[PDB]
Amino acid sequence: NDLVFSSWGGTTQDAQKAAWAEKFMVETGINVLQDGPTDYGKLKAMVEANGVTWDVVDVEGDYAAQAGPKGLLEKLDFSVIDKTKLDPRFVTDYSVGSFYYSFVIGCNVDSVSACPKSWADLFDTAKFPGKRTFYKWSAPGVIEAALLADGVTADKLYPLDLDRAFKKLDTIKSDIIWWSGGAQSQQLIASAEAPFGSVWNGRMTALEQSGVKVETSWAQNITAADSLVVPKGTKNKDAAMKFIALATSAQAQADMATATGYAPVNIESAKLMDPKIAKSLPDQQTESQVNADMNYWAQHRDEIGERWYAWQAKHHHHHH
């Protein structure tokens, strides 16, 4: 029986196919088909119809934390998946981490007089003028960064004060250029169209290697993750657990991390990677690191999403 893996498409899904699906096929003889992009409405419809066509799905960590209590997912088999080697921040009864990352303050050095070093600096247009880039999509990261920039301590960050965050974002709104994907964030910084911004840490590495002089500040770097889940009612449960155990193994995680610039979710992976890459990982930057709360997002993602896109509009319009 063919196993179906659903992810986000593009280079991340390509890396997962090469590091995980191929290794799984070579190891077990079970063929893995690629599908997607990940669509929560489709996962919900499949499960409710008892017509599950996706066996392993790469989902956002806050969706995993919401979907599990809702009965949309299979409970994971922790006798097949060894959770002892996995980052416990991303493990639930229904999910394990797929990969993780930090949002960091990236900067094209030679295009500016000085680089912002903190979230407060990134929101300080008087001191650091010009366009700044942030993640377009409603998700953990930007709201937390706005609050921390406004003086909220990491220990008192949650529950998020939304009015305070949007008031802070409003102070710099006209100077925000949104990045919708990783390669666009790199183009924005490299071209100096938005010389600094809150970007995935890994994207700063290909900038450095391409010949663009860059700086990265890790002050209050914000972590979030994607997860692997199994939709409730999969016809390939045993193979789905084995696929997840392979995908989250030290070598498979080291391979996915090396290929994507994302950070591995297996605590033994860094030791297996190129030491030059291992040094650049978020685990070497835990000092002032802020871990985004997947449980808070699980409880508020649908309402934040609706408010977020209404707010993000370039111009004010009344919806009714």
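Note that residue numbering follows the sequence shown and begins at 1.
The PDB entry records a higher mean C-alpha B factor for 204-212 than for its counterpart among 113-121 and 204-212.
In this entry, the higher average B-factor at the C-alpha atoms falls on 213-221, of the pair 167-175 and 213-221. Which of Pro88, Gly197, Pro140, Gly181 has the largest Cα B-factor in the deposited entry comes down to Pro88. Taking the deposited Cα B-factors for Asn291, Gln66, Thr38, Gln251, the highest one is held by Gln251. Among all modelled residues in its chain, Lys314 ranks in the middle third by Cα B-factor. Among all modelled residues in its chain, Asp62 ranks in the lowest third by Cα B-factor. When the modelled residues of the chain are ordered by their C-alpha B factor, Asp238 lands in the highest third. The deposited CA B-factor of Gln186 belongs to the lowest third of values across its chain.
In the deposited entry, the Cα temperature factor of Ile105 places it in the lowest third of its chain's modelled residues.
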